[PDB]
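*Asks:* Here is the sequence, then the experimental structure:
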Amino acid sequence: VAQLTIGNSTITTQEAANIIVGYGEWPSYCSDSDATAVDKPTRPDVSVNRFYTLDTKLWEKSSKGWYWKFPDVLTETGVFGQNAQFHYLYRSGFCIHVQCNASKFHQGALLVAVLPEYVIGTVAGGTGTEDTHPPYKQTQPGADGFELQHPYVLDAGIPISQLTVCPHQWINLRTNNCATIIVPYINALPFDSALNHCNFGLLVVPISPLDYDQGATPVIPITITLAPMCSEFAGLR
Amino acid sequence: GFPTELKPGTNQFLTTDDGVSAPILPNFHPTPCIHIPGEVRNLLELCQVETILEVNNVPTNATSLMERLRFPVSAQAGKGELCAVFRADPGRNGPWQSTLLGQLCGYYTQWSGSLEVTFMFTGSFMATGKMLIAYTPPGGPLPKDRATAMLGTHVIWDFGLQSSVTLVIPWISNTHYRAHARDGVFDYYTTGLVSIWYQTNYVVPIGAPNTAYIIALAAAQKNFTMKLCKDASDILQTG
Amino acid sequence: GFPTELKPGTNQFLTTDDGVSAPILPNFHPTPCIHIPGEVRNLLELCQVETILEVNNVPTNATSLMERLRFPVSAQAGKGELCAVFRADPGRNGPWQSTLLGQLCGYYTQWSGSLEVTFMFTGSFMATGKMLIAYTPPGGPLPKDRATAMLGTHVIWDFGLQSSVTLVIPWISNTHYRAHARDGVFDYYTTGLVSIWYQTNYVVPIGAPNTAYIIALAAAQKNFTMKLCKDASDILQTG
Amino acid sequence: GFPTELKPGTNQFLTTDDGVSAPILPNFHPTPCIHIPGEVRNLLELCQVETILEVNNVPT
Amino acid sequence: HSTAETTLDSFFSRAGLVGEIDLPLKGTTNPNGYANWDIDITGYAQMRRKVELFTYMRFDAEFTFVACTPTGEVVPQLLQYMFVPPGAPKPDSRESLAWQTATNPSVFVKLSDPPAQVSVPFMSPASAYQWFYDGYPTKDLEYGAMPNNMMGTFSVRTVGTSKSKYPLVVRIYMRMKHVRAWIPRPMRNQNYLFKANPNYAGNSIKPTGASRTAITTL
Amino acid sequence: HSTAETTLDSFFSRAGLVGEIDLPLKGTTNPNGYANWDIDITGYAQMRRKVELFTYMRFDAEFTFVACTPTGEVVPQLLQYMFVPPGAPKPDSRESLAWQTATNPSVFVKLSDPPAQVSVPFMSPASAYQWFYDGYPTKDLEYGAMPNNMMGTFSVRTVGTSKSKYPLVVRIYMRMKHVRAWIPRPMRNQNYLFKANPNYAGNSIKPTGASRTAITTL
């Protein structure tokens, strides 16, 4: 154990489990000879790159899974939700940290992964003959996230039994509680609208159902603390 | 001019011939290839990634589908009981179809290499016991019990000491040609067998669930290979 | 003779294929290329030349057409009043169509680079005052007034000190693809905005006209580029 | 382009002409030639082997 | 010992049929002896699920054109295949001046002349054609619409002022060359419902693969 | 980062259709089964305004010939395309000895044989074809007439003594190669009225581009 601090944000965590650096690349910056060398893209250091600790979702036996969209989860929150809106372009990285606080008497397993361009396909009316486009609350669920309804196909017609092909890490309750991931900016472009485009999405599904005998706390507070890495903006409004 | 003699093959259009053809836009400078994370070069990269093996590929009821992903172990199983069983058949139907490996295998006709199945005990942390996971090489018949399985390649897994255990499947080869129905399919016959027995019962103290689930992930070693592309799929683009 | 196999593509006539063809007059020695002044090699040379921006692109009456070329400023405008406004849209209609840059843009599909708009005060020499010319980057909404415009990229121009002032438009990119009507057009969306406000009123002593005009010239920086020729025109050769 | 003149013989298919033809499967890597005992290279090898001469070729 | 067959370029080459144009004489189908085919690579059934393994790709594509009559017969008819790059305007009529715009490459070939064949480049303005888009182009009907993936349009037509004398059928094959790909993702296990979205049939949600009776009976 | 697309040679290549010849059987149009087409590069609509960006240019031009029947059909007819350099005499009849003058290059090609294709050079005696001329060749009807810009004449005809058996249509494309240009000038903003002069319509004088309501409303 030992506590780390980035500004006014002080979280208490374990020494250093095994972190997952998505695709082996580190969220670096974008050099001078890029497409906008005129409007120098200011790189937020001060408070912009600090610890955001979201409304802890509660695990249950019946939980299906949860997902947040990026950078959507923060374009609402704090002084980064200040730059994400009143700025024209954006490129960022993310130190995501997911923790569970449960006793050695609860059991379960959470798969935690990041998926680029996570396009939510709805059910489509049922029989398949309705071309319904997911609402805006499902496409960009804010920092409250959203519950998958069809975890097996990840609400996008794809087997989750294969999601491990993305950066992921496991949260087996009998072995670990904390799970950490480092995401590098990923897109077909060097910069992009931080409001109209969610580069990726954080997925955390219960693969082995939460269980416990009667008496043990029925819910497991999953705390998601995350912070921007070598994030960049350009063109104030 | 210069003397020639056109040879047979002239004017044929081979869907596979990979010569060059005249550019439609000769002046056009296509926008530059920038650096994108995670570039895949050869598909075998993906075959070495672990994907959940739906060993418990039995429940089909729409909202139980999340269960094929993990089978369970409980207090109620007497010492020696068979917990589960499946074959080393990445291509052919069943449990392997859920693994990404299995899915790729479908775009290829022949293949061979060592596999690797890892098990994960996701039960209470207060649980202990032992499992005997045995591999009965191709040809060998499923061991009658836990004792006879104990004489062949096996591993006693004490999910009391280690939460994870990985087993290597030495070799599987889908190359023996079969012309059955009227449709000639290249099938295994190398159905290796992985059996799993309760070496001991599931011991858990008061206050801990009497049922844990286990997830089994699978991937192919680096000695894996594939040959002969064979586009095939039940899911194609609809009208 | 020598063995060949004609490949598909044989005998096709590509309007773009740029191979060589047999000379009609093999002996003919065409009269020598002498030196002529001002040779143009790449069209982007012309895109860097200033041409009058018809900001005041409103009068259409046949003999007032010479007015679209220059807008005016007068004593009658109170401090803070909006004098004029237009977008950073070289291709799309309006003010930019008069500039040579805009006109070239029409033979190309995609493009991007920094622009540069220079203003010229052609009023009496005895006049003074200040103007606030602000640029509201793509996405940013026209500032409500002179004050809010004063918080974003702006320039106080004292046509009392300098007769000319040049503003650089950092960047504009016409690359976002739109398939609207049924005709797929590559349009901006990067409509930057240039607003012009009376920072102070127009101060002129007795004996000097209470109205001056301003000419706005435009050109594209050297970081400009164009891609994909697209011959298009309302004016073609008549029968 | 480049000037040519097709000579007689063009387009004929000689059962004996042994030129090359386009591969049907360009990516395919055929399974490796391993070592097998007794490889025959020229038929005259077999002509030097003794075989029983049916001199008494009378009983039928 | 070799592993070249499993490379991306290997996996993806091969000309596959992605399009077929009917230019009947008597018909409800393409009555003006001409047709427009915005280039779709999903035309080859198999293809949609294959490419959707990745998120970003890049490539050139060699197209080959096979034309004849329905009985698969050859005839003395000339043809104009025209390519209207993205941005350029498609012909609205059998006499739209779009047929004459030089900036719309056109290749003329007689039906008898073997298949015409041309290479088209990586059009996209983005650094890569990307299959998925988690946003909207600046509940909306524009979700997942990655625009900058337009390859162009192929306008086909009999040459000449008058209707062609024969019933014609053009087939467009396409070999994908120089393929590079990034960000791999879960193989589509659910049936496809529309060309644009991953929308699946929430009723008919099927297990990724075959099932069995017990986790002990093989 | 590249700027090769905006070069003159790039801007101008591409074969564009600049001419079409009709040789009907029954007709008022070219009744003698032959035709004369003094080479005009304004045939491609778009072209006139493009070149008129400059005052002086220079180039070679590769011509390609596409011939068939109106239905766009191919036939077993032979053809004589003849080029009468400037100065030489054009054929006045379907039997004018001009058809036989060796100094008038001629290329014979069967309709079936793919398009014939030839390169013609920079004819002009002046150091450059010049689009504008502020004078008269030694109020006059000869103003702006730069003479030394003649590229030649293309005489087309069915081969043989007798009328051809079929209705024919020749199309002449033209790629401009090796283009050099000087003295740039204001893009034509007014509609064209005649081939020879800049004469515009003094009544219909239109603003260079779209207009708006106020210089404050976008």
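*Replies:* Alright, I've got the coordinates. Residues are numbered from 1 along each chain as shown, chains lettered A, B, ... in the order given.
*Asks:* quick one: contacts for residue 126?
*Replies:* Let's take chain A. Residue A:126 sits next to E:201, E:202, E:203 when contact means Cβ atoms under 8 Å, 6 or more residues apart in numbering or on different chains. (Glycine included, C-beta is placed from N, CA and C.)
*Asks:* My question was about chain B, not that one.
*Replies:* A:104, A:105, B:204, B:205, B:207, B:208 are the contacts of residue B:126 under Cβ under 8 Å, 6+ apart.
*Asks:* If you rank the residues you listed by neighbours, which is first?
*Replies:* When neighbours are counted by other Cβ atoms under 10 Å in any protein chain shown, residue B:208 leads the contacts of residue B:126 with 24 neighbours.
*Asks:* Can you name the residues of chain B sitting close to chain D?
*Replies:* Within reach of chain D by Cβ under 8 Å from any Cβ of the partner chain, chain B has these residues: B:1-10, B:12, B:14, B:16-18, B:227-229.
*Asks:* one more time with 7 Å
*Replies:* Residues of chain B lying close to chain D by Cβ under 7 Å from any Cβ of the partner chain are B:1-9, B:14, B:16-18, B:228.
*Asks:* pretty sure residue A:138 belongs to a helix, no?
*Replies:* Yes: Residue A:138 forms part of a helix when assessed by DSSP: H, G, I helix; E, B strand; the rest coil.
*Asks:* So which residues on chain B come close to chain F?
*Replies:* B:27, B:28, B:29.
*Asks:* In CSV, list the contacts of residue A:126 along with secondary structure, distance to residue A:226 and neighbour count.
*Replies:* Converted to CSV, those look like this (DSSP: H, G, I helix; E, B strand; the rest coil; distance: Cβ to Cβ, whole Å; neighbours: other Cβ atoms under 10 Å in any protein chain shown):
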residue, secondary structure, distance to residue A:226, neighbour count
E:201, coil, 35, 19
E:202, coil, 31, 22
E:203, coil, 36, 12
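*Asks:* ok, for residue E:114, nearest residue in space, not its chain neighbours?
*Replies:* Here the nearest residue to residue E:114 in space, its sequence neighbours aside, is residue B:11; by Cβ to Cβ, 6 or more residues apart in numbering or on different chains that works out to 4.3 Å.
*Asks:* just checking, the one you found touches residue E:113?
*Replies:* No: with contacts counted by Cβ atoms under 7 Å, residue B:11 stays clear of residue E:113, the gap being 9.0 Å.
*Asks:* Please say which of these two ends up with more neighbours.
*Replies:* residue E:113 (21 against 16).
*Asks:* count of neighbours near residue 10?
*Replies:* Using chain A. 11.
*Asks:* My question was about chain B, not that one.
*Replies:* Residue B:10: 15 neighbours (other Cβ under 10 Å).
*Asks:* quick revisit: and the contacts of residue B:126, which two are the farthest apart?
*Replies:* A:104 and B:204 (11.7 Å; Cβ to Cβ).
*Asks:* Can you tell me the strand partners of the longest strand along chain B and which way each runs?
*Replies:* In chain B, taking DSSP state E as the definition, the longest strand is strand B:108-121. The pairing partners recorded for strand B:108-121 under DSSP bridges are strand B:164-174 (antiparallel), strand B:211-220 (antiparallel), strand B:225-229 (antiparallel).
*Asks:* ok, back up a step: what's the closest of the residues of chain B next to chain D to chain D?
*Replies:* Nearest to chain D among those, counting by Cβ to the nearest Cβ, is residue B:1 at 3.7 Å.
*Asks:* Provide the backbone phi and psi angles at the spatially closest residue to that closest one that is not a sequence neighbour.
*Replies:* Using Cβ to Cβ, 6+ apart and skipping residues adjacent in sequence, the residue nearest residue B:1 is residue D:3, 3.7 Å away. Main-chain dihedrals, residue D:3, degrees, to the nearest 10: phi -70, psi 130.
*Asks:* Buried among the residues of chain B next to chain F? Make that a ChimeraX selection.
*Replies:* Buried subset of the residues of chain B next to chain F, written as a ChimeraX selection, criterion 16 or more other Cβ atoms under 10 Å in any protein chain shown:
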select /B:27,28
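*Asks:* of all the residues of chain B next to chain F, which comes closest to residue A:70?
*Replies:* For the residues of chain B next to chain F, the nearest to residue A:70 is residue B:29 (33.2 Å; Cβ to Cβ).
*Asks:* can you list the residues of chain E near chain C?
*Replies:* E:64, E:85-89, E:101-103, E:105-109, E:113-118, E:125, E:137-138, E:147-148, E:150.
*Asks:* quick revisit: now for the strands paired with strand B:108-121, which one comes closest to residue E:212?
*Replies:* Distance to residue E:212, taken as Cβ to Cβ, is lowest for strand B:211-220 among the strands paired with strand B:108-121, at 15.1 Å.
*Asks:* Report the distance from the longest strand seen in chain E to the chain centre.
*Replies:* Secondary structure of chain E per DSSP E: the longest strand is strand E:168-184. How far strand E:168-184 lies from its chain's middle: 8 Å, per Cα atoms, centre = their mean, to the nearest Å.
*Asks:* That one pairs with which strands?
*Replies:* strand B:39-40 (antiparallel), strand E:16-23 (antiparallel), strand E:54-68 (antiparallel).
*Asks:* Residues touching stretch A:29-46, excluding its own?
*Replies:* Residues from elsewhere that reach stretch A:29-46, judged by Cβ atoms under 7 Å, 6 or more residues apart in numbering or on different chains: A:83, A:91, A:190, A:230, A:231, A:232, A:233, A:234, A:235, C:114, C:170, C:171.
*Asks:* can you count the residues close to the second one?
*Replies:* What that stands for is residue A:91. So residue A:91, with other Cβ under 10 Å, has 26 neighbours.
*Asks:* Contact partners for the residue nearest to residue E:166 when sequence neighbours are not counted?
*Replies:* Spatially, and ignoring its direct neighbours in sequence, residue E:166 is nearest to residue E:75 (5.1 Å; Cβ to Cβ, 6+ apart). Applying Cβ under 7 Å, 6+ apart to residue E:75 gives the contacts E:69, E:111, E:166.
*Asks:* which bits of chain E sit near chain D?
*Replies:* Counting by Cβ under 7 Å from any Cβ, chain E sits next to chain D at E:2, E:4, E:5, E:10.
*Asks:* Quick one: name the residues of chain A near chain E.
*Replies:* So chain A meets chain E at A:69, A:115-119, A:121-124, A:126-128, A:131, A:133-136, A:139, A:150, A:152-153, A:156-159, A:161-163, A:165-166, A:186, A:188-189, A:193, A:196-198, A:201 (Cβ under 7 Å from any Cβ).
*Asks:* Buried ones only from those residues, please, as a ChimeraX command.
*Replies:* Per 16+ other Cβ under 10 Å, the buried members of the residues of chain A next to chain E correspond to this ChimeraX selection:
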select /A:69,115,116,117,118,119,121,122,123,124,128,133,134,139,150,152,153,156,157,158,159,161,162,163,165,166,186,188,189,193,197,198,201
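*Asks:* Sitting in strands, which of the residues of chain E next to chain C do you find?
*Replies:* Using DSSP E, the residues of chain E next to chain C in strands are E:64, E:106, E:107, E:108, E:109, E:116, E:117, E:118.
*Asks:* Now neighbour count too, for the residues you listed, in JSON lines please.
*Replies:* Shown next, in JSON lines, are these (neighbours: other Cβ atoms under 10 Å in any protein chain shown):
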{"residue": "E:64", "neighbour count": "23"}
{"residue": "E:106", "neighbour count": "25"}
{"residue": "E:107", "neighbour count": "22"}
{"residue": "E:108", "neighbour count": "26"}
{"residue": "E:109", "neighbour count": "26"}
{"residue": "E:116", "neighbour count": "25"}
{"residue": "E:117", "neighbour count": "25"}
{"residue": "E:118", "neighbour count": "24"}
